[PDB]
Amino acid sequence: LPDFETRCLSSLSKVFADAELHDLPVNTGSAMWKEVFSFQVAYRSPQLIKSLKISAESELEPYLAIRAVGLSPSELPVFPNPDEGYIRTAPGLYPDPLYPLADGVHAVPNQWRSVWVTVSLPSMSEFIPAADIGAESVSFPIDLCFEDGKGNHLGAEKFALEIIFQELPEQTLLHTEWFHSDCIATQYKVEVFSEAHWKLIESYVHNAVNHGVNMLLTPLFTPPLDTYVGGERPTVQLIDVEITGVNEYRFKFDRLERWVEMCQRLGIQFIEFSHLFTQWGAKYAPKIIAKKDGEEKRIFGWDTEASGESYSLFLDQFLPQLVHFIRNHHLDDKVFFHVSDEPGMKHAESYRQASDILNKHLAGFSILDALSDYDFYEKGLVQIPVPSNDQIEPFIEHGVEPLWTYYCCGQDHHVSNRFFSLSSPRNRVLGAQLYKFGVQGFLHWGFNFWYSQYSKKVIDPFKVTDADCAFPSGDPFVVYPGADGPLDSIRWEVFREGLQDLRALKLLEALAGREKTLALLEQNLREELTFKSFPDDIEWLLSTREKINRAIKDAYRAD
């Protein structure tokens, strides 16, 4: 029999196959009802052992999954001059995708590998095992077993999960991760809005909702994002347009009704309409296709100026009809609009002209856009600014409400992000930051972006994770394409943990008040928590959440 060693670890370790493992063992934790709780087990052999049999024994087995932590390439792990908090800076193989056990799991000579364990807890009232509804908590063991192909025992670890008998309350943070339907169609080689495409969209949206996405980017017309000037992405257009004469249109909303019904069925709460003017300037219209005498033709795009009377007349016809749709489906308090993403100060006049067209028709509706110039908000050009987390200080200082934030490739220094080359505490700490600063919404551009920069070519996300050496690996997507639907990354699992932390902090505030809650979160910090300053440390984050959980368990409750 070969030598075989194991180590039980938290969800916040990243186990590399080319390095010694310094992380300390973790064999206990706590959670609430409705929480997803995760851990992992690292293992190593001097020998090549193929097709390990890995099993768990627990009363929690109906709620438990086990997956293999796979390795992904990164050619651009970092931009120049990365800060000292980065875990690695070299190109190589990084732990990231989570694969089904049925795909096969191996021990590879003198390499630490990992399996990842997910426990998706129900409500107390749906829980199948016996449980004392009058106890403050109950602990359950989870035993994980490794055998070879022939049934010889190789290793084991025991984890003890304490479940506290309170429910993690429903998320009220607004959270959008931009959803690229085109990337689904080109990966799976299906036509846009075929029945095969709709089935895949549903699977991808269900994953998003399960990970705390409650606001979905909704493609009225092909979203004008990450597209070179004079280029295109695959047509994704929910609105049907018939051109009936020069500057004269008729509209049908049937595909939009299908999309909205899908959102309501799967648990999306807010409809975020796609941008109506081109990125980084608001200079042009999106690609728009229409039918003339049965035949499809492009009527708007990079050859139709945003300020031209042609696009103005089109929107004067379209937008009142979309408002009628919104009122007829009782969506009045459930919608957001976009003008144009990421304008600079040099683009303020064009952004204003575009905003003025929408404001003729969309009075009473929420309008937001990603942009970070406070000087740009002062002049009333944008209703809800969404500043980046490294530029948020002036928005906080001036009491802007509702407060939103985002991050992307530009947020490479100090702040929370989700790059391969950053630690899992640096990802998960966002939750605590959103709590302390009273943030109302979080936006990310990259649920499943699987093209290169400017959408010049299709890439394979299992081979190219940096959009062809443009964006640090991890920025453009959190899910990979499995055979029948999405595969999670460890980064996506850790992001959900941050959201859960925010929900736990808000519960402790309901029970004990904001002053005591903030005092607990900041206990023994050398410096105040900010978006740029925090302990990047596994023990700090785990012990802080354990303290929050203990305070909830011990609090005096009303019925």
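In this text, residue numbers run from 1 along the sequence as written.
* Would you mind comparing 494 to 502 and 508 to 516 for me and telling me which has the higher average C-alpha temperature factor in the entry? => Per the PDB record, 508 to 516.
* **Average Cα temperature factor in the PDB entry - higher stretch of 322 to 330, 131 to 139** => Taking the mean B-factor of the alpha carbons in each, 131 to 139 is higher.
* Between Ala68, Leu529, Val36, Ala42, which carries the biggest CA temperature factor in the record? -> Going by the entry's C-alpha B-factors, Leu529 comes out highest.
* Per the PDB entry, maximal CA B factor within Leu217, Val382, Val458, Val386 -> Comparing C-alpha B-factors across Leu217, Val382, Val458, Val386, the maximum falls on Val382.
* Compared with the other modelled residues in the chain, in which third is the CA B-factor of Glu305? -> Middle third, going by the recorded CA B-factors of the chain.
* **Relative C-alpha B-factor of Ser11, binned into the chain's lowest, middle or highest third** => Ranked within chain, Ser11 CA B lands in the lowest tercile.
* Chain third (lowest, middle, highest) by recorded CA B-factor, residue given as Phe376 -> Tercile = highest for this residue's CA B-factor.
* Please rank the C-alpha B-factors of the chain's modelled residues and tell me whether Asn359 sits in the lowest, middle or highest third. => Highest third, going by the recorded CA B-factors of the chain.
* Rank-wise, by C-alpha B-factor, drop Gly399 into the lowest, middle or highest third of its chain. => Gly399: CA B-factor falls in the highest third of its chain.
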